[PDB]
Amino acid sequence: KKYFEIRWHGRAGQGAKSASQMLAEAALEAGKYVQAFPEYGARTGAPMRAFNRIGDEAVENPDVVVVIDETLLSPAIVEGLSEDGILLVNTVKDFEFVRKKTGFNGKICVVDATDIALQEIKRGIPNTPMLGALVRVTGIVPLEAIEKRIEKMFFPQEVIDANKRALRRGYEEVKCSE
C-alpha cells in the first residue's frame, strides 16, 4: 500500500534495467522514496526482470507489469498482477492476442515502442518509449521528470532531443483496453 510497484520483463540488452533506473532516478529528484534493481540468471538475450518501488505517501505483487519483448508473454509473466492493475506491452499486436498469451483480464496497454525508437533514435531498443507509455498509463511521475533525466544522462542536443521525442511518442501513442 505504501509503495507503487512495477515489474519489468525483457531480455538482456533491451534496456529494462536502465529504464527501471531512470524511472527511479526521476522519482528520486521529485523527493519520492524509491527502490530499483534487476534480477538476472544469464547469455546476452537471456530473459530477465527489473523492479521499481516508488513510495506514494523481489516484486511478487506488482501494480503494473511491463513486457518490452512480446516474445516473453506467458501466464507466468502475469503472476501477482491484480485485476485493477496494468499489463503494458511493446507489441504491434492487439489486446486479444495479449489476453490469449497471458490470460490477463484487466487493463492491457500496447504500443509499438521498437518502431518509435527506430524512427526517433535510429535503434530498435524499446525502453524509452516504454517509459513514456508507462508514465502515460500510470501517471507515476510527470513526463518532464524523465525528460530532465534524459538531459542529464547525455552528447549533442540532437541526440538528446531524439531521445525525448522517443519518450513523448510512447507517451502519446500507447493504446488501452479500458
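Residue indices: 1-based, along the sequence shown.
Missing deposited residues between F154 and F155: 1 to 3, all without coordinates in the entry.
Deposited sequence between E57 and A58: 4 to 9 residues lack coordinates. Relative to one another, 32-40 and 108-116 have unequal mean CA B-factors, and 32-40 is the one with the higher figure. The maximum CA B-factor among the listed residues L143, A133, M48, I140, taken from the PDB record, is found at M48.
Among all modelled residues in its chain, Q14 ranks in the highest third by Cα B-factor. Sort the chain's modelled residues by C-alpha temperature factor and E173 lands in the lowest third, per the entry.
Among the modelled residues of its chain, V92 has a C-alpha B-factor that falls in the highest third according to the deposited record.
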